[PDB]
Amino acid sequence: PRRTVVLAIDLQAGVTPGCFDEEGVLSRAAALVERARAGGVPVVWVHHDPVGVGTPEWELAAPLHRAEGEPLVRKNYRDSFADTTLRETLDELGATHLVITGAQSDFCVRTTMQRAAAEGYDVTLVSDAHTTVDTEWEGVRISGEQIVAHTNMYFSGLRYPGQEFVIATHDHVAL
């Protein structure tokens, strides 16, 4: 009995500004959430507390809005499962398949999606609904765009025995 849950990670007002293709990614994430709601697919929100609990930056980035009945999980680390109620929430929902949108691609999204894979979930990464910022290290620059693309590349070939991983766009992912 596959039960799909949309997992929306840290799409917060203090996180998304400056990210590659920010407005478009937010628009597509919003569309995904609407399609999920229309299809009766549960939506679980994840918020990063170190953004600043109680401040506007911690709240969802426009134009995203949480609906009644949609759980919100608060976390302090990149892995959304680490010291959180996420697993308990998903189990309560009976989730077997996670459809992931969020930010940032190379930190909370990367760490959470790979943790989900490790835990045994089927996972679908929404290729056009995650983003991050330009960065540099060891004397070389790597753009947010490059990180997003490389992340999608990585996920397209991710394999675990008995599990299914899909890279899909926000308007084509099965809900």
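Residues carry their position along the shown sequence, with the first being 1.
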query	finding
102-110 versus 36-44 - which carries the larger mean C-alpha B factor in the record	36-44
Chain thirds of CA B-factor: placement of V126	lowest
Third of the chain's Cα B-factor distribution that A31 belongs to, per the entry	highest
Lowest, middle or highest third - CA B-factor, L86	middle
Where the record places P63 (Cα B-factor, split into thirds across the chain)	highest
Chain-wide C-alpha B factor ranking for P50, given as lowest, middle or highest third	lowest
